[PDB]
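Participant: this one's sequence-less:
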């Protein structure tokens, strides 16, 4: 097996999600089905899916195009809020593990109020007082530190409580903050927003209290260039600092498009992967709505291929992933007729790479991933899922497992693909078609016979029999192994009343009779073998039938005319033997008949055959 | 391995400066196939040899013989191309009209016509036959009586030793000259030319060709039981064994 522990667990989860859609059940939450395995690994992966769920848990317009949802200002706004809510909660967990040694340890004693937690967080991260703080303290801590880390944790209420106990010190900041907490989308009114920004810009552009600076332009979304590096030293603190500063419809203003493009264009992977920590960059792209970038990026880490494919599937089963129309493009690209700030993922190629790894010895699991390509076609029109099953069968040669083995008793035990579509007639011909083009007739027959395509089964069975008609049928020979399959196809084609056009069909049952004629001839059962050839009315034995038999030879399958030479000789040698054992006249007359027939028929080795036939007739007299 | 050999010919034919080596090797290759009677094999090679090879090449003992051998081989092939046509025809004789005993007066007339049309076709199927018999015969005498030293027999005697080829040329004579004789006998007998059948015993025994040395003792007797058969039909006609009027 080519699948690692983690990859295998995901496969099982994707089998469920397929079993549900294959039986018409409720469309379960894919993101939940993937996070179910994440908990079996380190929290590096669990915290990823947590971000994936929260970033995709946005009210969408079902049955709407992918590009439309992702271009709409409506959806683009909720992404920023879902990310901020993740950066705030994520930071809140950092504040817990900073005070208590373990999340469990914090829980048993009880998670304290965000206010008392933050206070018990300031104790550690600033034990001694910084001399540059302003506006005094509140219950033993600087008022601005409390406000910042409370807003950072996302509890505006806890921050407003701090403000209520410092009404005299904070001046007019109270009426401004109380408006920020009330107004939605973390934005103030243009009039009041103007009043505070100008005040900050007036004489507080450079204040000795960094926490004061941070809060002001987090509330006013100002000084976008100043990264407030004094307080936002971590990467998440930067993302959170900026997403609280982005704006929507000219100076000192930043928008999501600029920010998202500004980040990866100027400070690409190189900047965010110098510490050899891959998820850091992924979180930067995913929490900025650049899902295709983050997916391709994370898909290149050979250790995190599994995770990047699935986060792509989630975005794909939620009409959020922007697929690349052309299949000839690179993995990541920007369509020419699209804005430059969005990118597109060649989803078809993405799955095709992941599959090649475990498609060789783990076919069942491969199909589960090929199903997601059911909705796509190629330039030639083939259904992508169907084509992927053809290529996977041509390579793996797993016919019984994937296509269903058709035993020699008339049964068709369904295969693994039967689960996904009930119309399995084309691919069985596709797979049968190539194997036919590769001279693998004995297989192409079994495959065509699996799809009950007798036109092709009998055609190929005619080719495999004609060479072996006069041969000696011996144990385990190529004659027995082909005759016995032909008879197993004759019964199942009569018991089920199946037949190809009379040309293909007539020749097929005719060869089977001839194969019996030589099997009796090679055994010495001369009398019995003579009777068979007489029924077939293939070789004339009375002079009257020569005219009609000669005309019939003209339109009989060349697979029959080929073996005419051996038939005449065996029949002659049959009469020849019976002569040495009135009757003499009758054999003599029949001997003549064979000669005149052979004389009027142009066929294989007519030279040596016509001569031998005449000699055997002379010895009779 | 058939293709390996028939394919090495196009490589030697491509370069006109090696036409003498292309022919020589073409001969060898066709000598192996002839011993197996692979005539479509031998001929598929025979066409690859440009039809104007002989003209251009113009002489070492190895080139005089290979030119002769090539034509010998063509004389042999053409003696099988025309026989298989002739033989194919011998086996396509117009069939007698079918009889409908107790006929209606309708079936009586359809049959008076089918019987009169057949008595036109059988005349032409002797017509086409005679012309395919006159032609296949000529070819069989071009091989059997090959001009200037017999078939597959070098005229040039100053080449360097090639036991493989030389013994391949003796063999080809012992496989194919008994076999061409027996065919010609079958052609002469099939067309009722019995007097001439018996005159195969002059051709063979002849000291001019010494064809009888290419025969095994068994093959001889067989040819002698073939001629005694033509003789019979000559008695049935009222003539002596050899076809001459009984005075």
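Facilitator: Ah, there it is. Numbers count the residues shown, from 1 in each chain, chains lettered A, B, ... in the order given.
Participant: show me which residues of chain B sit near chain A.
Facilitator: Applying CB under 8 Å from any CB of the partner chain, we find that chain B lies next to chain A at B:80, B:83-85, B:87-96, B:98, B:182-183, B:186, B:190, B:225, B:229. For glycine as for every other residue, the C-beta is placed from the backbone atoms N, C-alpha and C.
Participant: can we see that at 7 Å?
Facilitator: B:83-84, B:87-88, B:90-93, B:95-96, B:182-183, B:186, B:229 (CB under 7 Å from any CB of the partner chain).
Participant: make a PyMOL selection of the buried ones in those.
Facilitator: The buried subset of the residues of chain B next to chain A, as determined by 16 or more other CB atoms under 10 Å in any protein chain shown, is captured in PyMOL by this line:
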select buried, chain B and resi 83+84+87+88+90+91+92+93+95+182+183+186
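Participant: the residues of chain B next to chain A: which two are farthest apart?
Facilitator: B:96 and B:182 (30.4 Å; CB to CB).
Participant: circling back to that earlier point, and the residues of chain B next to chain A as JSON lines, adding secondary structure?
Facilitator: As requested, the residues of chain B next to chain A are exported to JSON lines (DSSP: H, G, I helix; E, B strand; the rest coil):
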{"residue": "B:83", "secondary structure": "helix"}
{"residue": "B:84", "secondary structure": "helix"}
{"residue": "B:87", "secondary structure": "helix"}
{"residue": "B:88", "secondary structure": "helix"}
{"residue": "B:90", "secondary structure": "helix"}
{"residue": "B:91", "secondary structure": "coil"}
{"residue": "B:92", "secondary structure": "coil"}
{"residue": "B:93", "secondary structure": "coil"}
{"residue": "B:95", "secondary structure": "coil"}
{"residue": "B:96", "secondary structure": "coil"}
{"residue": "B:182", "secondary structure": "helix"}
{"residue": "B:183", "secondary structure": "helix"}
{"residue": "B:186", "secondary structure": "helix"}
{"residue": "B:229", "secondary structure": "helix"}
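Participant: need the residues of chain B next to chain A in CSV with distance to residue A:565, can you?
Facilitator: CSV is the format used below for the residues of chain B next to chain A (distance: CB to CB, whole Å):
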residue, distance to residue A:565
B:83, 16
B:84, 13
B:87, 12
B:88, 13
B:90, 16
B:91, 12
B:92, 17
B:93, 19
B:95, 22
B:96, 26
B:182, 18
B:183, 16
B:186, 16
B:229, 23
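Participant: out of the residues of chain B next to chain A, who's nearest residue A:408?
Facilitator: residue B:91 (41.6 Å).
Participant: ok, now which ones touch that closest one?
Facilitator: Counting by CB atoms under 7 Å, 6 or more residues apart in numbering or on different chains, residue B:91 touches A:598-602.
Participant: try 8 Å this time
Facilitator: Residues counted as contacts of residue B:91 (CB atoms under 8 Å, 6 or more residues apart in numbering or on different chains) are A:550, A:596-603, A:606.
Participant: if we check chain B, which of those are in contact?
Facilitator: Contacts with chain B are made by A:550, A:596-603, A:606 out of those, judged by CB under 8 Å from any CB.
Participant: from those, which is closest to residue A:203?
Facilitator: Of all the ones next to chain B among the contacts of residue B:91, residue A:603 has the smallest distance to residue A:203: 113.9 Å, by CB to CB.
Participant: how about that closest one, nearest residue that isn't a chain neighbour?
Facilitator: residue A:564 (4.8 Å; CB to CB, 6 or more residues apart in numbering or on different chains).
Participant: do you know how far that neighbour is from chain B?
Facilitator: Distance, residue A:564 to chain B, using CB to the nearest CB, to the nearest Å: 11 Å.
Participant: could you find the closest non-adjacent residue to the residue in chain B that chain A sits nearest to?
Facilitator: At 2.1 Å from chain A, residue B:95 is the closest residue in chain B, using CB to the nearest CB. For residue B:95, ignoring the flanking residues on the chain, the nearest one in space by CB to CB, 6+ apart is residue A:547 at 2.1 Å.
Participant: how much space is there between the residue in the stretch 501-621 of chain A that chain B sits nearest to and residue B:118?
Facilitator: Proximity of the stretch 501-621 of chain A to chain B (CB to the nearest CB) peaks at residue A:547, 2.1 Å away. Taking CB to CB, to the nearest Å as the measure, residue A:547 falls 9 Å from residue B:118.
Participant: can you pull the residues that touch both of those two?
Facilitator: B:94-96.
Participant: I'd guessed residue A:511 sits against residue A:458; true?
Facilitator: No - Residue A:511 is beyond contact range of residue A:458, at 9.9 Å (criterion: CB atoms under 8 Å).
Participant: ok, back up a step: adding neighbour count and secondary structure, write the contacts of residue B:91 out as CSV.
Facilitator: Shown next, in CSV, are the contacts of residue B:91 (neighbours: other CB atoms under 10 Å in any protein chain shown; DSSP: H, G, I helix; E, B strand; the rest coil):
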residue, neighbour count, secondary structure
A:550, 20, helix
A:596, 16, helix
A:597, 24, helix
A:598, 24, helix
A:599, 22, helix
A:600, 22, helix
A:601, 24, coil
A:602, 18, coil
A:603, 20, coil
A:606, 22, helix
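Participant: against residue A:57, how distant is the nearest residue to residue A:304 once chain neighbours are set aside?
Facilitator: Nearest non-adjacent residue to residue A:304, counting by CB to CB, 6+ apart: residue A:298, 5.4 Å away. Distance from residue A:298 to residue A:57, counting by CB to CB: 20 Å.
Participant: neighbour count for the two, which is higher?
Facilitator: More crowded of residue A:298 and residue A:57, by other CB atoms under 10 Å in any protein chain shown: residue A:298, with 22 against 14.
Participant: near chain B, which residues of chain A?
Facilitator: A:544, A:546-548, A:550-551, A:596-603, A:606-607, A:610-611, A:614, A:618.
Participant: rerun at 7 Å
Facilitator: Contact residues (CB under 7 Å from any CB) of chain A with chain B: A:546-547, A:550, A:598-602, A:606-607, A:610-611, A:618.
Participant: follow-up on the earlier one: okay but the residue nearest to residue B:95 is in contact with residue B:96, surely?
Facilitator: Yes - counting by CB atoms under 7 Å, residue A:547 does reach residue B:96; the two are 6.2 Å apart.
Participant: look up phi and psi at the nearest residue to residue A:65 once chain neighbours are set aside.
Facilitator: Using CB to CB, 6+ apart and skipping residues adjacent in sequence, the residue nearest residue A:65 is residue A:319, 7.4 Å away. Main-chain torsions, residue A:319, degrees, to the nearest 10: phi 50, psi 30.
Participant: number of nearby residues for the closest residue to chain B within the stretch 101-250 of chain A?
Facilitator: Residue nearest to chain B within the stretch 101-250 of chain A (CB to the nearest CB): residue A:235, separated by 68.2 Å. If you count neighbours by other CB under 10 Å, residue A:235 ends up with 15.
Participant: same question, residue B:129
Facilitator: Neighbours of residue B:129 (other CB under 10 Å): 17.
Participant: ok, now which ones touch it?
Facilitator: residue B:89.
Participant: ok, now residue A:216?
Facilitator: Contact partners of residue A:216, counting by CB under 7 Å, 6+ apart, are A:196, A:200, A:204.
Participant: any idea which element it lies in?
Facilitator: According to DSSP states H and E, residue A:216 maps onto helix A:210-219.
Participant: which helix or strand lies directly C-terminal to that helix?
Facilitator: Heading C-terminal from helix A:210-219 (DSSP H and E), you reach helix A:235-243.
Participant: which parts of chain A are strands?
Facilitator: With strands called from DSSP state E, chain A shows them at A:137-138, A:141-142, A:246-247, A:254-255, A:332-333, A:344-345.
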